[PDB]
file my_file-v1.csv (CSV, C-alpha atoms)
chain,number,residue,atom,x,y,z
W,1,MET,CA,-27.1,6.8,-72.1
W,2,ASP,CA,-23.9,8.3,-73.4
W,3,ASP,CA,-22.7,11.1,-71.2
W,4,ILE,CA,-20.7,13.7,-73.3
W,5,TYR,CA,-19.2,15.6,-70.3
W,6,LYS,CA,-17.2,12.5,-69.3
W,7,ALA,CA,-15.0,12.7,-72.5
W,8,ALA,CA,-14.6,16.5,-72.0
W,9,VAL,CA,-12.1,15.9,-69.2
W,10,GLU,CA,-10.9,12.7,-70.8
W,11,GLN,CA,-9.7,14.6,-73.9
W,12,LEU,CA,-7.6,17.1,-71.9
W,13,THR,CA,-4.1,15.8,-71.1
W,14,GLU,CA,-2.4,16.5,-67.8
W,15,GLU,CA,-0.2,19.0,-69.7
W,16,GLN,CA,-3.3,20.8,-70.7
W,17,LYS,CA,-5.3,20.9,-67.4
W,18,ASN,CA,-2.2,22.4,-65.7
W,19,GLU,CA,-2.8,25.5,-67.9
W,20,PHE,CA,-6.1,26.1,-66.2
W,21,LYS,CA,-4.6,25.2,-62.8
W,22,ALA,CA,-2.4,28.3,-63.0
W,23,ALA,CA,-5.4,30.5,-63.8
W,24,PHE,CA,-8.0,28.6,-61.7
W,25,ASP,CA,-6.1,29.4,-58.5
W,26,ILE,CA,-6.5,33.0,-59.5
W,27,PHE,CA,-10.0,32.9,-58.0
W,28,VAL,CA,-10.2,30.0,-55.5
W,29,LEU,CA,-10.2,32.1,-52.2
W,30,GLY,CA,-12.5,29.9,-50.0
W,31,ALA,CA,-15.2,27.8,-51.7
W,32,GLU,CA,-14.5,24.5,-49.7
W,33,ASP,CA,-10.8,24.6,-50.6
W,34,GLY,CA,-10.2,24.5,-54.4
W,35,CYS,CA,-13.3,26.0,-55.9
W,36,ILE,CA,-14.1,29.5,-57.3
W,37,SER,CA,-17.2,31.7,-57.1
W,38,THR,CA,-19.6,31.5,-60.1
W,39,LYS,CA,-19.1,35.3,-60.2
W,40,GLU,CA,-15.4,34.9,-60.7
W,41,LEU,CA,-15.6,32.5,-63.7
W,42,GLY,CA,-16.3,35.6,-65.8
W,43,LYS,CA,-12.8,37.1,-65.3
W,44,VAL,CA,-11.4,33.5,-65.6
W,45,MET,CA,-13.2,32.9,-68.9
W,46,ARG,CA,-11.9,36.0,-70.6
W,47,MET,CA,-8.4,35.4,-69.0
W,48,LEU,CA,-7.5,32.8,-71.6
W,49,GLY,CA,-9.6,34.2,-74.4
W,50,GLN,CA,-13.1,32.7,-74.2
W,51,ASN,CA,-15.3,35.8,-73.6
W,52,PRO,CA,-18.8,34.3,-73.0
W,53,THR,CA,-21.6,36.3,-71.4
W,54,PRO,CA,-22.5,36.0,-67.7
W,55,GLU,CA,-26.2,35.5,-68.6
W,56,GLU,CA,-25.4,32.1,-70.1
W,57,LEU,CA,-22.7,31.1,-67.5
W,58,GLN,CA,-25.1,31.6,-64.5
W,59,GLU,CA,-27.9,29.5,-66.0
W,60,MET,CA,-25.5,26.6,-66.7
W,61,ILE,CA,-24.3,26.7,-63.0
W,62,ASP,CA,-27.9,26.5,-61.8
W,63,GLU,CA,-28.1,23.2,-63.6
W,64,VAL,CA,-24.6,22.2,-62.6
W,65,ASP,CA,-24.8,23.0,-58.9
W,66,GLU,CA,-28.1,21.4,-58.1
W,67,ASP,CA,-27.2,22.3,-54.5
W,68,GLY,CA,-26.8,26.0,-55.5
W,69,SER,CA,-23.3,25.8,-54.0
W,70,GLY,CA,-22.5,29.0,-56.0
W,71,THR,CA,-19.0,27.6,-56.5
W,72,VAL,CA,-17.4,25.4,-59.1
W,73,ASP,CA,-14.1,23.4,-58.9
W,74,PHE,CA,-11.7,22.0,-61.4
W,75,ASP,CA,-14.3,19.2,-61.8
W,76,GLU,CA,-17.3,21.4,-62.5
W,77,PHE,CA,-15.6,24.4,-64.2
W,78,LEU,CA,-14.0,22.1,-66.8
W,79,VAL,CA,-17.5,20.9,-67.9
W,80,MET,CA,-18.4,24.6,-68.5
W,81,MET,CA,-15.4,25.2,-70.7
W,82,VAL,CA,-15.9,22.1,-72.8
W,83,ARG,CA,-19.6,23.1,-73.0
W,84,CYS,CA,-18.9,26.6,-74.3
W,85,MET,CA,-16.5,25.9,-77.1
W,86,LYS,CA,-17.2,23.4,-80.0
W,87,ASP,CA,-15.7,20.1,-81.1
W,88,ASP,CA,-17.1,16.9,-79.5
W,89,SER,CA,-19.9,19.0,-78.1

call {"tool": "encode", "arguments": {"input": "my_file-v1.csv", "output": "structure tokens"}}
result
Amino acid sequence: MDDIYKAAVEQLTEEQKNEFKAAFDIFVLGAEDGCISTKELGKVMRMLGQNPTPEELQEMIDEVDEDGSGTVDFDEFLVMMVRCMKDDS
């Protein structure tokens, strides 16, 4: 009845998202067309600074990819980044 992940991408300005675009493409080989492998997010998370553990990143994906796609895109990965840091949940 509120959805907090909707604002997560609504707070990032095009000038900000572009920052991830440069790194996101670092691991998008395959996965539909513009998605990375849940196993690559690790190197992508510590690439900008955030160094979360893989034990928590995998679980989240299981709840994010109900279809077990095993691959996130700029639409899913973003939710994981705003869900790892703080501020506005």

call {"tool": "residues_around", "arguments": {"input": "my_file-v1.csv", "residues": "region 45-58 of chain W", "least_positions_apart": "2", "cutoff": "9 Å", "atoms": "all atoms listed in the file", "output": "PDB file with C-alpha atoms, keeping the file's coordinate frame"}}
result
ATOM      1  CA  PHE W  20      -6.100  26.100 -66.200  1.00  0.00           C
ATOM      2  CA  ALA W  23      -5.400  30.500 -63.800  1.00  0.00           C
ATOM      3  CA  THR W  38     -19.600  31.500 -60.100  1.00  0.00           C
ATOM      4  CA  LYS W  39     -19.100  35.300 -60.200  1.00  0.00           C
ATOM      5  CA  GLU W  40     -15.400  34.900 -60.700  1.00  0.00           C
ATOM      6  CA  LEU W  41     -15.600  32.500 -63.700  1.00  0.00           C
ATOM      7  CA  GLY W  42     -16.300  35.600 -65.800  1.00  0.00           C
ATOM      8  CA  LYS W  43     -12.800  37.100 -65.300  1.00  0.00           C
ATOM      9  CA  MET W  60     -25.500  26.600 -66.700  1.00  0.00           C
ATOM     10  CA  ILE W  61     -24.300  26.700 -63.000  1.00  0.00           C
ATOM     11  CA  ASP W  62     -27.900  26.500 -61.800  1.00  0.00           C
ATOM     12  CA  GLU W  63     -28.100  23.200 -63.600  1.00  0.00           C
ATOM     13  CA  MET W  80     -18.400  24.600 -68.500  1.00  0.00           C
ATOM     14  CA  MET W  81     -15.400  25.200 -70.700  1.00  0.00           C
ATOM     15  CA  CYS W  84     -18.900  26.600 -74.300  1.00  0.00           C
ATOM     16  CA  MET W  85     -16.500  25.900 -77.100  1.00  0.00           C
TER      17      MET W  85
END

call {"tool": "residues_near_point", "arguments": {"input": "my_file-v1.csv", "point": "(-14.3, 18.1, -70.9)", "cutoff": "12 Å", "atoms": "only C-alpha atoms", "output": "ChimeraX atom specification"}}
result
/W:3-13,16-17,74-89

call {"tool": "write_last_selection", "arguments": {"input": "my_file-v1.csv", "atoms": "C-alpha atoms", "output": "mmCIF file, in the frame of the given file"}}
result
data_model
loop_
_atom_site.group_PDB
_atom_site.id
_atom_site.type_symbol
_atom_site.label_atom_id
_atom_site.label_comp_id
_atom_site.auth_asym_id
_atom_site.auth_seq_id
_atom_site.Cartn_x
_atom_site.Cartn_y
_atom_site.Cartn_z
ATOM 1 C CA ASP W 3 -22.700 11.100 -71.200
ATOM 2 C CA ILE W 4 -20.700 13.700 -73.300
ATOM 3 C CA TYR W 5 -19.200 15.600 -70.300
ATOM 4 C CA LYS W 6 -17.200 12.500 -69.300
ATOM 5 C CA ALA W 7 -15.000 12.700 -72.500
ATOM 6 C CA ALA W 8 -14.600 16.500 -72.000
ATOM 7 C CA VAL W 9 -12.100 15.900 -69.200
ATOM 8 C CA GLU W 10 -10.900 12.700 -70.800
ATOM 9 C CA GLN W 11 -9.700 14.600 -73.900
ATOM 10 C CA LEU W 12 -7.600 17.100 -71.900
ATOM 11 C CA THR W 13 -4.100 15.800 -71.100
ATOM 12 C CA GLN W 16 -3.300 20.800 -70.700
ATOM 13 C CA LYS W 17 -5.300 20.900 -67.400
ATOM 14 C CA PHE W 74 -11.700 22.000 -61.400
ATOM 15 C CA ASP W 75 -14.300 19.200 -61.800
ATOM 16 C CA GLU W 76 -17.300 21.400 -62.500
ATOM 17 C CA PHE W 77 -15.600 24.400 -64.200
ATOM 18 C CA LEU W 78 -14.000 22.100 -66.800
ATOM 19 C CA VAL W 79 -17.500 20.900 -67.900
ATOM 20 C CA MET W 80 -18.400 24.600 -68.500
ATOM 21 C CA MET W 81 -15.400 25.200 -70.700
ATOM 22 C CA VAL W 82 -15.900 22.100 -72.800
ATOM 23 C CA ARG W 83 -19.600 23.100 -73.000
ATOM 24 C CA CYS W 84 -18.900 26.600 -74.300
ATOM 25 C CA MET W 85 -16.500 25.900 -77.100
ATOM 26 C CA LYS W 86 -17.200 23.400 -80.000
ATOM 27 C CA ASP W 87 -15.700 20.100 -81.100
ATOM 28 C CA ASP W 88 -17.100 16.900 -79.500
ATOM 29 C CA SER W 89 -19.900 19.000 -78.100
#

call {"tool": "atom_distance", "arguments": {"input": "my_file-v1.csv", "atom1": "CA of residue 66 (chain W)", "atom2": "CA of residue 2 (chain W)"}}
result
20.6 Å

call {"tool": "atom_distance", "arguments": {"input": "my_file-v1.csv", "atom1": "CA of residue 14 (chain W)", "atom2": "CA of residue 69 (chain W)"}}
result
26.7 Å

call {"tool": "build_atoms", "arguments": {"input": "my_file-v1.csv", "residues": "region 21-52 of chain W", "atoms": "N, CA and C atoms", "output": "short mmCIF file (atom, residue, chain, number, x, y, z; two decimals), in the frame of the given file"}}
result
data_model
loop_
_atom_site.label_atom_id
_atom_site.label_comp_id
_atom_site.auth_asym_id
_atom_site.auth_seq_id
_atom_site.Cartn_x
_atom_site.Cartn_y
_atom_site.Cartn_z
N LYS W 21 -5.06 25.21 -64.19
CA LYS W 21 -4.60 25.20 -62.80
C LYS W 21 -3.96 26.56 -62.43
N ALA W 22 -3.09 27.02 -63.28
CA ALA W 22 -2.40 28.30 -63.00
C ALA W 22 -3.40 29.46 -62.95
N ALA W 23 -4.41 29.42 -63.78
CA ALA W 23 -5.40 30.50 -63.80
C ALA W 23 -6.52 30.20 -62.74
N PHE W 24 -6.97 28.98 -62.69
CA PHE W 24 -8.00 28.60 -61.70
C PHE W 24 -7.69 29.17 -60.33
N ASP W 25 -6.51 28.88 -59.85
CA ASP W 25 -6.10 29.40 -58.50
C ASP W 25 -6.24 30.89 -58.42
N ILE W 26 -6.33 31.56 -59.54
CA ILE W 26 -6.50 33.00 -59.50
C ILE W 26 -7.75 33.45 -58.79
N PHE W 27 -8.69 32.55 -58.68
CA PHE W 27 -10.00 32.90 -58.00
C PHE W 27 -10.51 31.68 -57.22
N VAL W 28 -9.77 31.19 -56.27
CA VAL W 28 -10.20 30.00 -55.50
C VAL W 28 -10.24 30.36 -53.99
N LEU W 29 -10.21 31.63 -53.67
CA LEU W 29 -10.20 32.10 -52.20
C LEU W 29 -11.44 31.53 -51.52
N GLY W 30 -11.31 30.47 -50.78
CA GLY W 30 -12.50 29.90 -50.00
C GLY W 30 -13.16 28.85 -50.90
N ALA W 31 -14.47 28.79 -50.87
CA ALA W 31 -15.20 27.80 -51.70
C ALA W 31 -14.69 26.37 -51.33
N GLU W 32 -15.00 25.90 -50.15
CA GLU W 32 -14.50 24.50 -49.70
C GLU W 32 -13.01 24.52 -49.59
N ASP W 33 -12.29 24.62 -50.67
CA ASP W 33 -10.80 24.60 -50.60
C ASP W 33 -10.19 24.87 -51.96
N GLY W 34 -10.73 24.27 -52.99
CA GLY W 34 -10.20 24.50 -54.40
C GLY W 34 -11.30 24.81 -55.33
N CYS W 35 -12.18 25.69 -54.96
CA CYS W 35 -13.30 26.00 -55.90
C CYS W 35 -13.40 27.57 -56.03
N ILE W 36 -13.96 28.04 -57.11
CA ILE W 36 -14.10 29.50 -57.30
C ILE W 36 -15.54 29.95 -57.21
N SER W 37 -15.78 31.23 -57.23
CA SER W 37 -17.20 31.70 -57.10
C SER W 37 -17.78 31.87 -58.54
N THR W 38 -18.99 31.41 -58.73
CA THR W 38 -19.60 31.50 -60.10
C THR W 38 -19.49 32.95 -60.60
N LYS W 39 -19.29 33.90 -59.73
CA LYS W 39 -19.10 35.30 -60.20
C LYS W 39 -17.70 35.58 -60.64
N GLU W 40 -16.79 34.72 -60.29
CA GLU W 40 -15.40 34.90 -60.70
C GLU W 40 -15.12 34.28 -62.07
N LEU W 41 -15.77 33.18 -62.35
CA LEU W 41 -15.60 32.50 -63.70
C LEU W 41 -15.50 33.54 -64.79
N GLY W 42 -16.29 34.58 -64.71
CA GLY W 42 -16.30 35.60 -65.80
C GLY W 42 -14.82 36.04 -66.05
N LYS W 43 -14.17 36.63 -65.09
CA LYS W 43 -12.80 37.10 -65.30
C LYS W 43 -11.88 35.87 -65.69
N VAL W 44 -12.22 34.70 -65.23
CA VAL W 44 -11.40 33.50 -65.60
C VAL W 44 -11.67 33.06 -67.01
N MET W 45 -12.86 33.28 -67.49
CA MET W 45 -13.20 32.90 -68.90
C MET W 45 -12.47 33.80 -69.89
N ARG W 46 -12.52 35.08 -69.66
CA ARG W 46 -11.90 36.00 -70.60
C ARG W 46 -10.36 36.10 -70.29
N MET W 47 -9.90 35.37 -69.31
CA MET W 47 -8.40 35.40 -69.00
C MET W 47 -7.64 34.63 -70.02
N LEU W 48 -8.19 33.56 -70.53
CA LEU W 48 -7.50 32.80 -71.60
C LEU W 48 -7.91 33.17 -72.96
N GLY W 49 -9.07 33.76 -73.07
CA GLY W 49 -9.60 34.20 -74.40
C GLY W 49 -11.09 34.07 -74.45
N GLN W 50 -11.62 32.91 -74.19
CA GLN W 50 -13.10 32.70 -74.20
C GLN W 50 -13.78 33.92 -73.50
N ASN W 51 -14.64 34.62 -74.19
CA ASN W 51 -15.30 35.80 -73.60
C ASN W 51 -16.85 35.60 -73.65
N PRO W 52 -17.33 34.57 -73.00
CA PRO W 52 -18.80 34.30 -73.00
C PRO W 52 -19.54 35.27 -72.12
#
